[PDB]
Amino acid sequence: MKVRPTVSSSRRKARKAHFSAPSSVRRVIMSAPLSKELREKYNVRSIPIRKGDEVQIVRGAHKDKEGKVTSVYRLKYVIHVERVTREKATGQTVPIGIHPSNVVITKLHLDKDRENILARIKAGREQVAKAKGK
Amino acid sequence: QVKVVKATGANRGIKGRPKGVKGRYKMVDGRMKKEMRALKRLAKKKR
Amino acid sequence: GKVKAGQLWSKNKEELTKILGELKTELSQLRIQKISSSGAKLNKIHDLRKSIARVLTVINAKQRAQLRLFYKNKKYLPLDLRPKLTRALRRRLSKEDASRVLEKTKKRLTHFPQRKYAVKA
Amino acid sequence: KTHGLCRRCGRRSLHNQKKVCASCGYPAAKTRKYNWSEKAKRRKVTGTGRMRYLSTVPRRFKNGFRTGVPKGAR
Amino acid sequence: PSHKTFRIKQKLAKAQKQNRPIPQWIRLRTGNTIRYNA
Amino acid sequence: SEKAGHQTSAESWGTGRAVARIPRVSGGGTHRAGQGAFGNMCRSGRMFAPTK
Amino acid sequence: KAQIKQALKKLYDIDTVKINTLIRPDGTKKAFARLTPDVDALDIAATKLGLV
Amino acid sequence: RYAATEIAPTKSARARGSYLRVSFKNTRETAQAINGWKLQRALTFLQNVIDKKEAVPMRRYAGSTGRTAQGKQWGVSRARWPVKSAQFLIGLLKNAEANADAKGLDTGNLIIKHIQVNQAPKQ
RNA sequence: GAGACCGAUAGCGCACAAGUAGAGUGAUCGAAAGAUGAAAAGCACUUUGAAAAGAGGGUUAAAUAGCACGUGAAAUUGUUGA
RNA sequence: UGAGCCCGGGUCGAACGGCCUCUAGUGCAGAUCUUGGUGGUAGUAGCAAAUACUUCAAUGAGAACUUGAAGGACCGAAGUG
RNA sequence: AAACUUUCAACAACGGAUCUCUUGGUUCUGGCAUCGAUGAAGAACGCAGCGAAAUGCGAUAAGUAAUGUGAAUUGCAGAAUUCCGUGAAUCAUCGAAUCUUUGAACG
Ligand SMILES: [Zn+2]
């Protein structure tokens with residue numbers, strides 16, 4: 001149950017903030033889980049999605065389709081996986097919007113910033129694991 | 001002297017002055033017919 | 001056609017004027033030849049405009065830094081370099097003046113200040 | 001006509017003979033305002049326009065009207 | 001009339017500009033609700 | 001709100017007209033002009049016994 | 001007219017005999033710059049203006 | 001969608017028009033005149049109405065309507081010549097005939113099984 | 001931050017480019033107006049039509065959802081059946 | 001008994017009901033009631049004066065009121081300039 | 001017998017009720033004290049590659065500097081980012097700037 005007075009449980013305010021969030025906030029909302037192999041390797045559960053990552057869709061009509069992320073369309077909270085497309089009437093292919101919560105990251109695009117992101121999440125997880133353990 | 005205009009035809013539902021009237025006028029209706037009978041009845045009973 | 005703000009900070013006044021002049025001359029020539037066959041030259045002109053704004057900001061910033069050093073130990077400063085705050089805050093008594101107290105008041109507090117005490121239960 | 005454009009408020013409410021705006025009273029320093037018309041007050045009240053400067057005040061208050069630059073900036 | 005001023009000429013220009021219809025690429029923006037000029 | 005249904009200028013047309021004696025919005029350039037107001041039976045009018 | 005003549009001379013190296021200006025209805029200014037007999041407008045337009 | 005939903009679309013041909021700027025009352029009467037007829041007979045009739053050789057009987061909407069001898073064929077005195085309504089009906093019959101050709105039906109055996117006129121939002 | 005409140009004729013005049021459109025010489029007066037679909041995937045192509053559109057064909061779970069777009073009552077109207 | 005309640009069939013797509021208490025902006029045919037929509041009248045009344053229009057060709061899917069030419073009329077310098 | 005008038009049913013119209021929904025309103029409570037001649041509130045005109053309005057900004061004009069984040073914006077077109085980096089972004093923060101004509105309005 002919410003305790004801190006600065007937190008709000010209003011449906012009206014939560015939906016307003018979610019649909020009017022800035023781009024920086026939307027990046028956090030557009031996170032996706034990491035694969036099991038990546039979890040035991042980095043001690044990290046989730047991470048915001050980005051363009052270079054490779055994902056496996058685990059929810060929706062595209063049952064177990066794998067591919068690399070092509071675009072992070074933050075304006076409508078969707079990502080574009082490669083070769084996950086549908087043909088229009090004219091036969092031109094358009095991407096299908098997949099939500100990050102419906103995919104799992106299998107390969108992670110690595111750069112100095114994202115190694116810093118993974119290190120900070122791991123530091124907190126190991127801190128409380130030993131705090132809870134002993 | 002006062003021109004009585006019946007609120008029918010082109011005079012039905014008009015905010016202000018009817019067209020073909022010159023001076024001091026007065027509009028009437030059926031609704032006022034029942035009223036004028038009421039005040040006359042009250043005055044006659046009290047007189 | 002885009003300049004970096006980091007490079008401009010190291011460069012000095014004479015170099016900055018040369019860059020500003022060559023950016024404006026480039027924009028003037030580009031604009032007249034842009035009226036026909038608009039395209040990839042459009043965003044170059046846009047990048048030129050932001051470059052001109054960047055150089056103007058750095059020139060103004062360096063000049064104000066020199067002036068603040070000049071007016072560091074002077075009684076009066078230009079209104080542009082004076083703090084803004086608000087109109088009421090500007091008219092408010094200074095911290096030194098509002099903290100000034102009478103000598104007789106100071107003597108009483110010097111010899112009879114509030115003490116620390118406790119009462120047993 | 002009887003009314004021309006007023007420079008202060010932009011309405012065609014400046015009397016040509018009296019040279020006084022029927023809406024704001026331009027020659028007078030104060031803006032015309034009456035408590036028997038609440039609708040008229042809220043048409044020209046603060047917040048019905050651009051709010052060029054007063055919109056920037058609250059952010060400066062939140063940080064204490066501080067002056068200077070962040071430490072280590074370029 | 002024929003006699004006018006540059007300032008009122010500029011205002012007359014603005015009134016023409018506001019009468020311009022709606023561009024088609026506006027109507028295709030995501031989240032758009034504007035259909036016809038008012 | 002205490003001003004709900006009250007922030008309008010309306011006046012009854014009179015008795016001699018073949019219309020209901022209800023306050024009607026003045027003006028003449030809107031859909032609102034000539035419409036009833038101030039009544040609990042009227043659209044966009046004051047409710048009966050406003051909650052306090 | 002003086003500013004336009006000086007701008008043309010100093011920047012694009014164009015000498016003008018006279019300049020006639022009008023303000024277009026939209027609010028922009030149009031300048032008719034007649035050049036000296038020595039120079040050719042067609043040659044200048046092709047080279048320095050990219051105009052055919 | 002169509003109102004006569006008991007007809008299989010594979011064995012028939014259909015045409016439709018919406019928000020047509022013609023008189024509803026005039027169009028209703030002339031549609032009723034050609035109801036149940038052959039396609040070619042209706043086309044010849046509608047042309048004759050334009051040239052005032054045949055007249056459309058006015059059954060329901062005939063208040064204070066003139067009398068002619070051309071109405072004697074229908075058993076009424078009040079008949080008229082809705083030229084505008086006939087032109088619109090010709091276009092739809094031609095369109096339905098074209099749709100029948102594409103499907104492969106026989107135009108010499110087609111009949112107007114269902115013809116309906118409804119009202120549009122008013123201008 | 002909340003509600004034993006109102007739920008698009010309600011709730012502020014304004015859930016929408018609302019003190020806007022519009023009316024008045026002026027002071028002032030002052031509206032109407034939300035909802036396709038999970039995703040535009042907003043109908044390629046063929047055919048008739050001058051066109052608007054229609055018919056096939058197609059997208060979709062659904063076009064008995066085609067932007068006159070959730071559901072779609074009554075007054076009123078057309079066709080068919082008695 | 002009644003106000004009403006329940007089920008079947010069709011349409012539809014995302015929330016709802018029974019029991020018992022609490023609560024109220026809680027029940028309409030009328031108020032020349034308010035707003036919105038829709039009828040009969042009705043394809044009816046009606047579509048005025050400025051004498052006046054006609055022939056061929058062109059455009060165009062479509063020409064009494066669009067154009068070219070020709071004819072017949074008119075404003076008549078206080079003009080239909 | 002048909003046609004016409006009326007009643008009911010099915011389908012289709014007109015119209016927008018009913019159900020469902022809500023980045024809105026309304027009421028209550030809590031923390032805090034901040035407009036302006038260093039030119040306010042209001043009015044006007046400009047500014048986008050393709051924009052009328054709303055919105056943002058002011059000839060540095062849908063913006064500049066600084067800080068943080070860390071790879072976008074997106075309706076289309078064109079540039080990016082080398083990603084092992086002073087660095088995308090209609091991003092957030094914000095201490096530095098630019099800030100047209102007026103308006104207490106001041107040659
Ligand atoms: Zn004024």
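Here is the naming used below: chain letters follow the sequence lines, and residue numbers restart at 1 for every chain.
- Contact footprint of chain D on RNA chain I: nucleotides with an atom under 4.0 Å from a non-hydrogen protein atom, first to last in 5' to 3' order, I:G13 to I:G30.
- Side-chain atoms of C:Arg82 come within 3.5 Å of backbone N or O of C:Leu77 as a donor-acceptor pair.
- Of the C1' atoms belonging to J:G46 and J:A69, the separation is 40 Å, rounded to the nearest Å.
- Between D:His15 and D:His3, the ring-plane angle classifies as perpendicular under the 30° and 60° cut-offs.
- At a cut-off of 5.0 Å, the side chain of D:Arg8 touches the paired bases from the minor-groove side alone.
- Using the six-membered ring where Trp is involved, D:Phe61 and D:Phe65 have ring planes that are perpendicular, over 60° apart on the 30 and 60° scheme.
- South is the pucker class for the sugar of K:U81, given a negative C1'-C2'-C3'-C4' value.
- Between F:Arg21 and B:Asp29 there is no salt bridge, since none of the side-chain N atoms of the basic residue sits less than 4.0 Å from a carboxylate O of the acidic one.
- Taking CG from C:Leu27 and NZ from C:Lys34, the interatomic distance works out to 8.5 Å, rounded to the nearest 0.5 Å.
- The interatomic distance linking D:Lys44 (NZ) with K:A40 (P) rounds to 19 Å, in whole Å.
- Among the protein residues, H:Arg28 comes within range of the sugar-phosphate backbone only, with heavy atoms under 4.0 Å from sugar or phosphate atoms but none that close to a base.
- Residue F:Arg21 contributes atom CZ, which lies 17 Å from atom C1' of J:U34 at whole-angstrom precision.
- For I:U47 with I:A18, the Watson-Crick or G-U wobble criterion does not hold with each of the two distances under 3.5 Å.
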